[PDB]
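Letter by letter, the chains look like this.
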Amino acid sequence: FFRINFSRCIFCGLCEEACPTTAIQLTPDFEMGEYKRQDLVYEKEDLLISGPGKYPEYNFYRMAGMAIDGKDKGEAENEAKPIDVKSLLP
Amino acid sequence: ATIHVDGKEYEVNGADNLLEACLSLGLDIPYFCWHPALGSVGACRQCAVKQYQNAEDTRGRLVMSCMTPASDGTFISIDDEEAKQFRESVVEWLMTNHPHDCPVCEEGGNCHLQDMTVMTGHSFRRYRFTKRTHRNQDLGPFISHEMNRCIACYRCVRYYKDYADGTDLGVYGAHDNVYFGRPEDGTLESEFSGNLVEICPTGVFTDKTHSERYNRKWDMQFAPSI
Amino acid sequence: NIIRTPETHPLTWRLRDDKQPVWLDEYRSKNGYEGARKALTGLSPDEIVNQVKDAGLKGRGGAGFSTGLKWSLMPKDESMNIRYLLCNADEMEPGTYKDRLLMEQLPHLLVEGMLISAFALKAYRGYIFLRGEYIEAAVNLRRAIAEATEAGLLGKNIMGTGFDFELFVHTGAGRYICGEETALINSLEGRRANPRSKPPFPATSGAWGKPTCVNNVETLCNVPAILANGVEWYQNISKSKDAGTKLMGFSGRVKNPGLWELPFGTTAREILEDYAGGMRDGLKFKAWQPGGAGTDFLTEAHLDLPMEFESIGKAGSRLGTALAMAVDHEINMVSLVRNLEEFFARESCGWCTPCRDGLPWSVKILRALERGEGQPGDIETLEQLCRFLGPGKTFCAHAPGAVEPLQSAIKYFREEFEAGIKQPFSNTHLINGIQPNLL
Amino acid sequence: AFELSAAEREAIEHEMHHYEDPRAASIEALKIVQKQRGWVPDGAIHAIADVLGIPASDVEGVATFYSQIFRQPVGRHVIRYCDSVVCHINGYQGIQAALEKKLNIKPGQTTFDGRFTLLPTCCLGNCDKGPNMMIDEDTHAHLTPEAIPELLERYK
Ligand SMILES: Cc1cc2nc3c(=O)[nH]c(=O)nc-3n(C[C@H](O)[C@H](O)[C@H](O)COP(=O)(O)O)c2cc1C
Ligand code: SF4
Ligand code: SF4
Ligand code: SF4
Ligand code: SF4
Ligand code: FES
Ligand code: FES
Ligand SMILES: [Mg+2]
Ligand SMILES: [Mg+2]
Ligand SMILES: [Mg+2]
Ligand SMILES: [Mg+2]
Ligand SMILES: [Mg+2]
Ligand SMILES: [Mg+2]
């Protein structure tokens, strides 16, 4: 779950600056002024946009070293195929 | 029992190494392979401090703090430019092969390698070539295994085998392809294997029980319990 | 050809002409085991050690340390009655082939030298830590041990005096790091061949926690002649400050490669052109390494200095196994140094970071430089590796010597290294929405 | 499944009393087991560890440290050429090209049918004599790219 209290957010942009995966960004559009203040707490469903935002081609998991469904151990960016210790080569 | 660190003169136990004494005095020397319970081995080479003599030797020699006896007539300098540069280059060599995954590492804000990388003042990558990668093992239902993040400091093996007498964990391979894990996938037999999650300075061995419901160290709320 | 005589050629003198080994009968015939008999029935320990210290024998393995001091280091107390003497027959150095000759064609020489040295040291067992790729050498050594055992030269009561000295052979798997003095001990213990920190020296605590003196093959072959002919004779072979004879040779594309026994004061040019013949038919001299791979390159100007420890040590290089290699003009220096650094990097162990993690970086930089994909800051990164891998920064001496040919080739031939830098340094990949930090 | 033969177990037990510690016979036990089968199977690790008295982790560390204790299936006649400085100078590259052109493989692979593995070796300690190579236990020096076929035809 992702949850951001928009009754406290001052829109500083420090969050977007800290995100190492470019997931969270500040886009030019304002929140509707809610009626109850409870409805100003967004819970991922609201926040998750359909698109890549400002940075179009960056893929963190293409950089990471751990394996996911897409990439195996030696398929990251600037990485070598894993040499097994039981190899024959010296 | 009276060493000179960067001009200052301290009083230390002359029966322990210079890393132990300098850390007891409050000074800051980086070190990966020393542990105050597993003795000192000079493997990582990361606790280098310049050592002079005669109190007027202007050209000392780099030597590892954890391996020098810290005797009486000892003159060292943690902040020497050559010592600083060597300590920095030593972490740079470790960073040559590291995996770009701090965000997904089980231990961010809790990793000793991050501490020492920010401590040696290294924040620029000159390496350009590929990194070595490794396949993981299934070590049990307790601790995970990510050998991509290993810096080969030998703490796991030293603890697990020479300290806790484990008999089912060791080191394999050689020449920058070294490997630390079980001879085959399977659960770790030692009763005291959990301590590998904090003995290992990197995020190679991290417990699964916390990895399932994870939260960074800062977010945690502790209290002294038994 | 060379006229060998027991006076000037103590080692290579008995070697029969047809290259076949010299077995026990022919060896004893040519004054074999006379030195061992003299030492066992006319001397005592603490006297053979002093005879070896006064003769001035020095380590022939490459270190150059005095053998008499090495043996004196042993503790003097009869509470330690279990001591070991390990011969370092593991001869892995890209350029040394001198122990092959000795323990292939003269196994009894090494057997007798080891017997004398283990009597001097009060050691009850001796392990010939063999290479593994030496098949004929192992066969001959075991045959010589069996002959000397059957003939009384080995076993419980060796020729009257009470001295057992059982002698074994250990043909190991192929790793160059097991040649190290205190990694050989680990490998003999049956563990991973990782060096050990000194102090304690192997002399006080060595093989299995017992005392131990590790000696090369030629050093131990030197001893039988010292004892048999006298200490003064060995002292006076030639007027150099490194007493005795040495196996020197020139490798490479010379007209007659090999190794010979020389008076340890011979100029490197006297080996290249008088003995080895010189460069062959159209090749021109460019550089040379004195000793095995792991010693500094030297140009043609350094070809006239005498082959001894102090001279070549002051010339920048170091005399190792004294088996030179001649590199002719047609060899690119970057390709040669890459071929050396990839061996020194793949042949290492994993214990210390500077070696394990910095030698591969130099290998990759050299591959990029020889492919033509070098970048600014490469040679300045290689030079930083020659200072931070030097002696004291690494756990053992493998990297300090591994990075000697690199710096020594940079010094003399920087042009061939610069000629590879043909790229603009770039390391990032230009993420789209981020503006790069300029310079 | 793996179980130690009688000859190799007897040889290991005879080697175990050449030393003060049984562990010291680990490299020789691995070399015996490899001599019999050409490589060290995954069960041989635990078998040797049970014979000696040391754990399988130590035996597996010893076996994967040293380069001549094969832990992967290797053909017969494991060709090992030398590619070090003295040979690099004498032209071991032509020798490697003519070898991997005739075997139709790359360094580190078996051919097709389980003969003629191809490996590089550190140095064969026979430098003054041309580019060298070992086939199984025979050292072949003064190698020429012309004589690689006839020299390989001797091993069947
Ligand atoms: C990396 C390394 C490899 C070595 N390899 C050998 C070797 O292959 N053969 C050898 O005799 N000495 C070798 N040595 C030197 C030994 O450590 C030791 O000094 C020598 O074998 C015996 O000492 P001595 O020269 O006084 O006889 C090597 C040293 C190092 C650091
Ligand atoms: S911009 Fe982000 S970091 Fe700043 S107050 Fe708003 S949500 Fe919090
Ligand atoms: S081990 Fe430490 S430095 Fe390495 S990726 Fe994980 S958090 Fe980052
Ligand atoms: S696994 Fe962890 S403790 Fe073991 S060598 Fe690697 S970094 Fe050190
Ligand atoms: S320098 Fe360090 S890593 Fe290299 S062989 Fe010596 S101990 Fe091993
Ligand atoms: S902590 Fe001293 S060498 Fe690693
Ligand atoms: S370099 Fe090949 S035989 Fe020595
Ligand atoms: Mg203490
Ligand atoms: Mg995996
Ligand atoms: Mg897995
Ligand atoms: Mg493994
Ligand atoms: Mg950990
Ligand atoms: Mg000694």
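Calculation rules
- Residues numbered from 1 in each chain as written, not as in the entry; some residues may be left out.
- Chains lettered and ligands numbered in written order.
- Part of a larger assembly, values for the part shown.
- Heavy atoms only, no water.
- Helix = DSSP H or I, 4+ residues; strand = E, 2+ residues; numbered from the N terminus.
- Rg over C-alpha atoms; globule rule 2.2 N^0.38 Å.
- Buried < 20%, exposed > 50% of the residue type's maximum accessible area, 1.4 Å probe, protein only.
- Contact = heavy atoms within 4.5 Å.
- Areas by Shrake-Rupley, 256 points an atom, 1.4 Å probe, with all protein chains shown as cover.
- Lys, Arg positive; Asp, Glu negative; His and termini not counted.
- Charge placed at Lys NZ, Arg CZ, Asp CG, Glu CD.
- Pairing = 2+ DSSP bridges.
- Axes fitted to C-alpha atoms, helices over the stretch in contact; angles between N-to-C directions.
- Parallel < 35°, antiparallel > 145°, perpendicular 65-115°, else oblique.
- Left-handed = near helix turned anticlockwise from the far one by under 90°.
- Nonpolar A, V, L, I, M, F, W, Y, C, P; charged D, E, K, R; others polar.
- Near = heavy atom within 4 Å.
- Core = buried A, V, L, I, M, F, W, Y, C linked by side-chain atoms within 4.5 Å.
- Buried area = accessible area lost by both parts, 1.4 Å probe.
- Salt bridge = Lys/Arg side-chain N within 4 Å of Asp/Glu carboxyl O.
- Polar contact = N/O pair within 3.5 Å; in protein donor to acceptor, adjacent residues only side chain to side chain.
- Domains from an automatic or database assignment.

## Overview of the overall build of chain C
(1) Moving on: Looking only at helices and strands, one finds 17 helices and eight strands in chain C.
(2) Moving on: Relative to the globule expectation of 22 Å for 439 residues, the C-alpha radius of gyration of chain C, 24 Å, shows essentially globular dimensions.
(3) Moving on: Considered along the principal axes of its C-alpha atoms, chain C spans approximately 90 × 50 × 35 Å.
(4) Moving on: Expressed as a percentage of its 439 residues, the buried residues of chain C come to 64%.
(5) Moving on: For chain C, restricting intrachain contacts to residue pairs at least 6 apart in sequence, the fraction spanning at least 24 positions comes to 70%.
(6) Moving on: Of the accessible surface of chain C, which amounts to about 16,200 Å², a share of 49% is contributed by carbon and sulfur atoms.
(7) Moving on: Taking the average location of the 50 positive side-chain charges in chain C and that of its 54 negative ones, the two points are 3 Å from each other.

## Considerations on the environment of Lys255 of chain C
All names here are of chain C.
(1) Moving on: Along the chain, the position of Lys255 falls in the loop between β5 (246-252) and β6 (258-262).
(2) Moving on: For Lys255, a relative accessible area of 49% puts it in the partly exposed group.
(3) Moving on: Distance in space between the C-alpha atoms of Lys255 and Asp25 is 36 Å, their sequence separation being 230 residues.
(4) Moving on: Not counting the four nearest positions on each side in its chain, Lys255 is found in contact with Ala276, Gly277, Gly278, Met279, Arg280 and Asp281.

## Let's talk about the sheet that holds strand β5 (residues 75-77) of chain B
To summarise the sheet geometry, strands pair through backbone hydrogen bonds and adopt either a parallel or an antiparallel arrangement.
Residue and element names in this part refer to chain B.
(1) Moving on: Pairing within the open sheet is mixed, and its five strands lie in the order β2-β1-β5-β3-β4. Of all the strands in the sheet, just β2 (8-11) and β4 (61-64) have a single pairing partner and so form its edges. Across the sheet, the axes of successive neighbouring strands diverge by a mean angle of 40 degrees, strand direction being ignored.
(2) Moving on: Looking at chain direction, strand β1 (residues 2-5) and β2 are connected through four bridges and run antiparallel. Residue pairing across strands places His4 opposite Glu9, the latter belonging to β2.
(3) Moving on: The strands touched by helix α1 (residues 18-25) within the sheet are β1, β2 and β5, with β1 carrying the most contacts at an inclination of about 75 degrees.
(4) Moving on: Against the sheet, helix α2 (residues 81-96) touches β3 (48-52), β4 and β5, its axis set at about 155 degrees to β3.

## Considering the packing of α2 of chain B against helix α15 (residues 379-388) of chain C
(1) Moving on: The geometry of α2 of chain B relative to α15 of chain C is characterised by a closest axis approach of 12 Å and an angle of 115 degrees between their N-to-C directions. For the element pair α2 of chain B / α15 of chain C, the angle class is roughly perpendicular. Judged by the twist between their axes, the crossing of α2 of chain B over α15 of chain C is left-handed. Residues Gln85, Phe86, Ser89 and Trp93 of chain B of α2 of chain B pack against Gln384, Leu385, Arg387 and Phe388 of chain C of α15 of chain C.
(2) Moving on: Grouping the constituent residues of the contact of α2 of chain B with α15 of chain C by class yields four nonpolar, three polar and one charged.

## Looking at the site of ligand 5
Residues and elements named next belong to chain C.
(1) Moving on: Around ligand 5, the structure places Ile177, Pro195, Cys349, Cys352, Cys355, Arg356, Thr394, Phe395, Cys396, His398 and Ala399.
(2) Moving on: Where the shell around ligand 5 is concerned, the elements lending two or more residues are α14 (353-371) and α16 (398-402).
(3) Moving on: Partitioned by chemical class, the residues of the shell around ligand 5 number eight nonpolar, two polar and one charged.

## A look at the nonpolar core
(1) Moving on: Of all hydrophobic cores here, the largest spans 244 residues; its most connected members are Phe180 of chain B together with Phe417 of chain C.
(2) Moving on: The dominant element in this core, judged by the number of residues it contributes, is helix α6 (residues 107-120) of chain C, at nine residues.
(3) Moving on: Of all hydrophobic cores here, the second largest spans 25 residues; its members include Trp260, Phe264, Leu272 and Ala315 of chain C.

## Re the interface of chain B and chain A
(1) Moving on: Of the residues lining the interface, 20 residues belong to chain B; the matching set on chain A comes to 20 residues.
(2) Moving on: Surface buried jointly by chain B and chain A totals about 1,600 Å² across both partners, of which 56% is contributed by carbon and sulfur atoms.
(3) Moving on: For chain B, the biggest contributors to the area lost against chain A are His100, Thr133 and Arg135 of chain B; these three give 33% of the whole.
(4) Moving on: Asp72 of chain A is the salt-bridge partner of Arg135 of chain B, the closest N and O atoms lying 3.5 Å from each other.
(5) Moving on: Our count for the contact surface shared by chain B and chain A stands at six residue pairs in polar contact.
(6) Moving on: By residue class, the composition of the side of chain B that touches chain A is five nonpolar, nine polar and six charged.

## Structural notes on the domain arrangement of chain C
Residue and element names in this part refer to chain C.
(1) Moving on: We note that the domain assignment places domain 1 (24-236), domain 2 (246-328) and domain 3 (333-419) within chain C.
(2) Moving on: Between domain 2 and domain 3, the residue contacts involve 12 residues of the former and 14 residues of the latter.
(3) Moving on: At the boundary of domain 2 with domain 3, total buried surface from both sides reaches about 1,100 Å², with 64% on carbon and sulfur atoms.
(4) Moving on: Ranking the residues of domain 2 by area buried against domain 3 places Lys286, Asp296 and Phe297 at the top, with a combined share of 50%.
(5) Moving on: At the junction of domain 2 and domain 3, the tally comes to two salt bridges.

## Re the side chain of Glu107 of chain B
Residues and elements named next belong to chain B.
(1) Moving on: Summarising the element assignment, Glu107 is placed in the loop between α2 and α3 (112-119).
(2) Moving on: Although buried, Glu107 forms no salt bridge, and the nearest oppositely charged side chain, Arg149, lies 7.6 Å from it.
(3) Moving on: In this view, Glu107 contacts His112, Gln114, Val197, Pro201, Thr202, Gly203, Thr206, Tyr214 and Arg216; residues no more than four positions away in its chain are not counted.

## Description of the site of ligand 2
(1) Moving on: Taken together, the neighbourhood of ligand 2 is formed by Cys9, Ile10, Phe11, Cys12, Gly13 and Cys15 of chain A.
(2) Moving on: Residue composition of the shell around ligand 2, grouped by class: five nonpolar, one polar and no charged.

## Brief notes about the side chain of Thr299 of chain C
(1) Moving on: Position of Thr299 of chain C among the secondary structure elements: in the loop between β7 (285-289) and α12 (309-314).
(2) Moving on: Excluding residues within four positions of it along the chain, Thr299 of chain C makes contact with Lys286, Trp288, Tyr412 and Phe413 of chain C.

## Let's talk about the interface of chain C and chain D
(1) Moving on: Opposite the 53 residues of chain C that make contact, chain D presents 36 residues.
(2) Moving on: In this assembly, chain C packs against chain D so that about 3,700 Å² is buried in total across both faces, 56% of it on carbon and sulfur atoms.
(3) Moving on: Summed over the shared surface of chain C and chain D, the number is two salt bridges.
(4) Moving on: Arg346 of chain C is the partner of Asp83 of chain D in a salt bridge, and the nearest nitrogen-oxygen pair spans 3.3 Å.
(5) Moving on: One can count 18 residue pairs in polar contact joining chain C with chain D.
(6) Moving on: No other element matches the seven residues that helix α13 (residues 333-346) of chain C contributes to the side of chain C that touches chain D.
(7) Moving on: Residues belonging to the side of chain C that touches chain D are distributed by class as follows: 25 nonpolar, 13 polar and 15 charged.

## Overview of the sheet that holds strand β2 (residues 118-121) of chain D
All names here are of chain D.
(1) Moving on: Pairing in this open sheet of four strands is mixed, and the strands run β2-β1-β3-β4 from one edge to the other. This sheet does not close on itself; its edge strands, each paired only once, are β2 and β4 (139-140).
(2) Moving on: Relative to β4, strand β3 (residues 133-134) runs antiparallel, the two sharing two bridges. Bridging across to β4, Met134 finds its partner in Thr139.
(3) Moving on: Set on the sheet, helix α6 (residues 92-102) makes contact with β1 (79-82), β2 and β3; between it and β1 the angle comes to about 155 degrees.

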